[PDB]
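S.K.: Just dropping in an experimental structure and the matching sequence.
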Amino acid sequence: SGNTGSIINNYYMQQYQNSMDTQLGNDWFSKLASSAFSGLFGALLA
Amino acid sequence: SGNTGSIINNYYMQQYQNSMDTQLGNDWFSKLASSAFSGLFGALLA
Amino acid sequence: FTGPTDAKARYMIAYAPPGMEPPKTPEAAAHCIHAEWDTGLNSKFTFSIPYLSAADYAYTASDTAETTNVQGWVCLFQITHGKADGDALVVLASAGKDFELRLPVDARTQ
Amino acid sequence: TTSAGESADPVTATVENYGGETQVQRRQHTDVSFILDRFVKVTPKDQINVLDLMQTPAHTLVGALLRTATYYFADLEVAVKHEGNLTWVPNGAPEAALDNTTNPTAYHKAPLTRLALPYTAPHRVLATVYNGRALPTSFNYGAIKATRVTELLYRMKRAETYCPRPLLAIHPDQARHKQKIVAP
Amino acid sequence: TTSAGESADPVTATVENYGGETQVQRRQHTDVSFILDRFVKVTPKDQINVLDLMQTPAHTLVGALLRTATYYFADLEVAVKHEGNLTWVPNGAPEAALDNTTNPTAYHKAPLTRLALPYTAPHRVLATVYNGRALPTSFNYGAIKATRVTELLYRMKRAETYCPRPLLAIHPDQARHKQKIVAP
Amino acid sequence: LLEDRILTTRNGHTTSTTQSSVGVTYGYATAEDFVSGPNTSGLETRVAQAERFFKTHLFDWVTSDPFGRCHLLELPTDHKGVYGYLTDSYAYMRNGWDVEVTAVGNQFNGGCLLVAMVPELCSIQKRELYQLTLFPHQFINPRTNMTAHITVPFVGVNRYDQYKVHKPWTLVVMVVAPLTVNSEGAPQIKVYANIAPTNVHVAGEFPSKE
Amino acid sequence: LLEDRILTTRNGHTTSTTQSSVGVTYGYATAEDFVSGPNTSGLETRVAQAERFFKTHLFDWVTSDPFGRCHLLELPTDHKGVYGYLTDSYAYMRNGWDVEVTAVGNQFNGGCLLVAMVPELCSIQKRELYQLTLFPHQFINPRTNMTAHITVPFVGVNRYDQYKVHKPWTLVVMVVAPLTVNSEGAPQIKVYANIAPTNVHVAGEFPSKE
């Protein structure tokens, strides 16, 4: 999450360091990045 | 690398102590050292 | 491009490096690593400019020592055209795939 | 790499095109979670200081990057070079709530205060810009008070914004902004 | 052990030749990586000090050995007996870059500063002599500043030079240089 | 606005693109005569480094400009870069001019230039000008194309041609149909020429300026 | 008149021969650092055309000529031919000077020059001159050799070195033993130097003199 290179369980329990992200029931920017064509709208020569 | 006689993983993670040497694709002075003949250009006697 | 359909035009993109000062004549420029194109049906077009430098890196900052720039003076020109004078050829900028960035430095910026 | 432009579908281009090869970049550093975990020393305005973020200098790394992605979530790791006993108090809790030792009333040592801080907003997410200088009273990560606080730093944690914003910088003047680097 | 000499192919010789035996030497000490890992206290010239190496006394062990192999690579382990807060800044980073607490701004204790330092040059390798008193502005391992620095030491790490240079010493006068050792 | 046709042609690092494409045409050849000849006795090498585009100007196709103006352009010709230095450090060699000719106005004018790439010559009879339709050549018209392009082979009289004093290739564009600005058409068309020397190898070598 | 030893070394078209051979020696390297680096992003090519011999003069080893005269010769250096034009049309590149050094007198003189090929530098301490025996180097003596030869690799500080303003390679020959004409020996030895730039590739390119 940035700079956490501790080899231990950072001692203090899981439900203690940070606050647990309850669920319900690059995410997207990587989705529209990994899809850019380097092709050619004609046909390469030489 | 000089004087590192620690029995642990020096705590702080691998990608943290030193900067990782990315590859690509005595090294040599030992190569031209380990090849010096103590022979004789004639023939030993006695 | 943004101009009329009665505005057929031609442009150029030269890219020279450190060691000499950039041209002013596509003629002299056609000797760098370039390319030529002309308005059509499809409008946009994105040219990737090469990563060339002694060290695999170099800085983002600069000095009045680097007026000779360690990375070059890219320079765009203009061939010929037709009733295509005063048109709009807007150029944008993204990171190519080869792109990379490192060594975090924070230092007063507004 | 031509294409249609009034369509704005991402249409990049790369080396190979006219020649050359393309490399294996290691952007580890431009990793949003990575380069937001490193403390920002904002002015701890007196004693009763609110763990806000738009208080921070909108020009620092963790500040700037902060002001570039509308939404966001993360936790907190503070620092308080100070006097007395830091008695933090949750979000929503009455201003006055921060005083009773029973509350997390830390006891001074030498010299600041390093503690962990949950993200405690009633909203599933927070923001540096609420269209609803004029931003919500639930937008605070708790609130501290001691009896004299001299250093206020906020190491944001487990970072993760959403949506983007405009990134600009130091308007040069000579098409190339000159400023002394680190020389031999 | 005769041989051709205007050929300079390594042509050593050893004991056995005329007699005697040859032994099992344990040169562990003349190990280049080993005898370069041990701090060198160079003058921390004021506060804004550049992590250069040709600043060090070209007569000390880690200095000398340093000045004997043209190329090289290694990391850093520093020391800073000092005042204020050491706020180091990477290579290339604007002189001015070193000031903002957000940067690695260490907080004083007692008495110096022991921290690790990556080798951060844009070049795949560095040198004490660039044929390109007159050596490159990218040849710096970052740059420190506090508010008064009294002790500057550089424990070079994971050492490894390349290519050699000339090694000479204390020009005697009596074919045998005399200097008091350690006596009972 | 049609069957749709685009195209970019890379030569070394230089790459001309276009949209009013029309195609191309190679004439006479498509190959190259075994450039591993006797006269070069193995002493010949490939220098596909200077193989690429350079710019030179043709005339200016103007309304008046009669039915004949065919601005010539010899190939080889003055080279301020690579290929030129090569001809100054070499005696014997051979290539093949790519040639991708443009002439910008817009899709509203009238008239046509006649592009052609012909070999050994000296000068041409007007009465002959009615048959460029015999050597590598293209036809320009702003109502279909903005670009021409025609890629020429190697002819020479020999396998490895010398250019200090000889130029086998010449490029002409006689105005077959005069230009008409018209109601809303463009004002003038400066015929620009983009060339490139391909599949070329050298043999031979002189001392130096010193 | 011995174990017998001859040798000719071809580089492109140029080929130095010798009879007082003695051998050679490559130092530091024998290879070359993967010249398919990132900074050149595929934009680099092999131009083994200018890879060959050119002549330049060292000093004149004369009897007086003290125990130190080590006429330097930077490498790179002024090129009236290929490799030079290459450096003028290019920014980034890298090679490896072959170097086959001669010094003609005859098999009767005394003394020795000390040939060496060392990288990045500025200037050397006399007290250091006693250790050229550390970098690629040879030893000359008219009673065994007339030629030297030592073939240097690429060191540079980077993969693709620029030479408009930088010269990593320097060549020195300090007189280790003064010269003695003697009874019937030769009169003087002009140390001649034969060099060649090898395994070299370029990347980069500027406009033109125009």
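M.R.: Received it, and whenever you're ready, just let me know what you need. Numbers count the residues shown, from 1 in each chain, chains lettered A, B, ... in the order given.

S.K.: tell me the contacts of the closest residue to chain B within chain C?
M.R.: Here chain C gets closest to chain B at one residue, residue C:56, 9.8 Å apart by Cβ to the nearest Cβ. Using the backbone N, CA and C atoms, a C-beta is placed for each residue, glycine as well. Residue C:56 makes contacts with E:122-124, G:37-39, G:159, as judged by Cβ atoms under 8 Å, 6 or more residues apart in numbering or on different chains.

S.K.: Can you mark which positions in stretch C:10-21 are buried?
M.R.: C:10-20 (16 or more other Cβ atoms under 10 Å in any protein chain shown).

S.K.: end to end, how far does it reach?
M.R.: Stretch C:10-21 has an end-to-end distance of 24 Å (Cα to Cα, to the nearest Å).

S.K.: Could you pick out the residues of chain F near chain C for me?
M.R.: F:1, F:4, F:6, F:8, F:13-20, F:53-56, F:80-82, F:102, F:104-108, F:142, F:146-147, F:184-190, F:192, F:194 (Cβ under 8 Å from any Cβ of the partner chain).

S.K.: Look at the residue of chain C closest to chain B and tell me its secondary structure.
M.R.: Residue C:56 carries the three-state label coil when classified by DSSP: H, G, I helix; E, B strand; the rest coil.

S.K.: Give me the nearest residue to the spatially most central residue of chain A, chain neighbours excluded.
M.R.: The centre of chain A sits closest to residue A:26, judged by Cα atoms, centre = their mean, with a distance of 4.5 Å. Nearest residue to residue A:26 in three dimensions, chain neighbours excluded: residue A:33, at 7.0 Å (Cβ to Cβ, 6 or more residues apart in numbering or on different chains).

S.K.: Okay, and that neighbour sits in which element?
M.R.: Per DSSP states H and E: residue A:33 is located in neither a helix nor a strand.

S.K.: Show me where chain D has its helices.
M.R.: D:61-64 (DSSP state H).

S.K.: wait, what's in contact with the residue in chain F that chain B sits nearest to?
M.R.: Minimum separation of chain F from chain B (Cβ to the nearest Cβ) falls at residue F:13, amounting to 24.1 Å. By Cβ under 8 Å, 6+ apart, residue F:13 lies in contact with C:33-34, D:18-19, F:52, G:43, G:205.

S.K.: Verify the stated contact: residue D:1 with residue D:10.
M.R.: No - between residue D:1 and residue D:10 there is no contact under Cβ atoms under 8 Å: 11.5 Å.

S.K.: More neighbours: the two, which one.
M.R.: The neighbour count for residue D:1 versus residue D:10, taken as other Cβ atoms under 10 Å in any protein chain shown, is higher for residue D:1 (21 against 13).

S.K.: Skipping adjacent residues, who's closest to that one in space?
M.R.: Nearest non-adjacent residue to residue D:1, counting by Cβ to Cβ, 6+ apart: residue D:13, 3.5 Å away.

S.K.: What parts of chain C come near chain E?
M.R.: Applying Cβ under 8 Å from any Cβ, we find that chain C lies next to chain E at C:54-61, C:65, C:103-108.

S.K.: Using the three-state scheme, assign residue 15.
M.R.: In the absence of a named chain, this looks at chain A. Using three-state DSSP, the structure places residue A:15 in helix.

S.K.: please go with chain C instead
M.R.: With three-state DSSP as the basis, residue C:15 sits in strand.

S.K.: For it, give me its contacts.
M.R.: C:32-34, C:49-50, C:72, C:74-75 are the contacts of residue C:15 under Cβ under 8 Å, 6+ apart.

S.K.: let's see it at 7 Å
M.R.: By Cβ atoms under 7 Å, 6 or more residues apart in numbering or on different chains, residue C:15 lies in contact with C:32-34, C:49-50, C:72, C:74.

S.K.: quick one, strands of chain D?
M.R.: For chain D, the strands defined by DSSP state E cover D:41-42, D:49-50, D:71-79, D:115-117, D:126-127, D:143-144, D:152-162.

S.K.: Given the second one, what are its sheet partners and their directions?
M.R.: Spelled out, that is strand D:49-50. In the sheet, strand D:49-50 lines up against strand D:143-144 (antiparallel) (DSSP bridges).

S.K.: try the last one
M.R.: Based on DSSP bridges, the strands next to strand D:152-162 in the sheet, each with its direction, are strand D:41-42 (antiparallel), strand D:71-79 (antiparallel).

S.K.: Does residue F:200 touch residue F:95 like I think?
M.R.: Yes - contact criterion Cβ atoms under 7 Å: residue F:200 and residue F:95 qualify, at 3.4 Å.

S.K.: between these two, which one's more packed in?
M.R.: For residue F:200 and residue F:95, the more surrounded residue by other Cβ under 10 Å is residue F:95, and the numbers stand at 29 against 20.

S.K.: From residue E:170, how far out is that one?
M.R.: Residue F:95 sits 67 Å away from residue E:170, going by Cβ to Cβ, to the nearest Å.

S.K.: what's the answer for residue F:75, then?
M.R.: Residue F:75 sits 73 Å away from residue E:170, going by Cβ to Cβ.

S.K.: give me phi/psi at the residue of chain C closest to chain B?
M.R.: Note on residue C:56: backbone dihedrals following degrees, to the nearest 10 are phi -60, psi -10.

S.K.: again, but for residue F:58
M.R.: Note on residue F:58: its backbone torsions stand at phi -90, psi -170 [degrees, to the nearest 10].

S.K.: now it, nearest residue through space, not along the chain?
M.R.: residue F:191 (4.0 Å).

S.K.: hang on, the one you found in a helix?
M.R.: No - using three-state DSSP, the secondary structure at residue F:191 is strand, not a helix.

S.K.: What subset of the residues of chain C next to chain E is buried?
M.R.: C:54-59, C:61, C:103-107.

S.K.: For these, which two are the farthest from each other?
M.R.: Largest separation among those by Cβ to Cβ: C:54 and C:106, giving 27.4 Å.

S.K.: Could I get the contacting residues of residue D:135?
M.R.: Contacts of residue D:135 were listed using Cβ under 7 Å, 6+ apart, and they are D:54, D:129.

S.K.: The same query, at a cut-off of 10 Å, please.
M.R.: Listed by Cβ atoms under 10 Å, 6 or more residues apart in numbering or on different chains, the contact set of residue D:135 reads D:52-54, D:126-129.

S.K.: rewinding a little: out of the residues of chain C next to chain E, which comes closest to residue F:168?
M.R.: Residue F:168 lies nearest to residue C:54 out of these, by Cβ to Cβ, at 42.3 Å.

S.K.: which ones are touching the residue in chain A that chain D sits nearest to?
M.R.: Residue nearest to chain D within chain A (Cβ to the nearest Cβ): residue A:2, separated by 2.0 Å. Contact analysis of residue A:2 by Cβ under 10 Å, 6+ apart lists D:31-38, D:74, D:77, D:155-159.

S.K.: Residue F:135 too?
M.R.: F:27-28, F:116-119, F:121, F:150, F:152, F:155, F:170, F:172.

S.K.: ditto for residue D:121
M.R.: Neighbour list for residue D:121: D:73, D:91-92, D:136, D:138-142 [criterion: Cβ under 10 Å, 6+ apart].

S.K.: same deal with residue D:26?
M.R.: Each residue near residue D:26 by Cβ under 10 Å, 6+ apart is listed here: B:20, B:22, C:100-102.

S.K.: please redo it, this time with the cut-off set to 7 Å
M.R.: Contacts of residue D:26 (Cβ under 7 Å, 6+ apart): residue C:100.

S.K.: so what's the backbone phi/psi at it?
M.R.: Dihedral angles (degrees, to the nearest 10) for residue D:26: phi -120, psi 70.

S.K.: Any figure for the gap between it and chain F?
M.R.: 27 Å (Cβ to the nearest Cβ, to the nearest Å).

S.K.: Quick one: the buried residues of stretch C:10-21 as a markdown table, columns for distance to residue F:67 too.
M.R.: A markdown table is the format used below for the buried residues of stretch C:10-21 (distance: Cβ to Cβ, whole Å):
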| residue | distance to residue F:67 |
| --- | --- |
| C:10 | 26 |
| C:11 | 32 |
| C:12 | 32 |
| C:13 | 37 |
| C:14 | 37 |
| C:15 | 42 |
| C:16 | 42 |
| C:17 | 47 |
| C:18 | 51 |
| C:19 | 49 |
| C:20 | 45 |
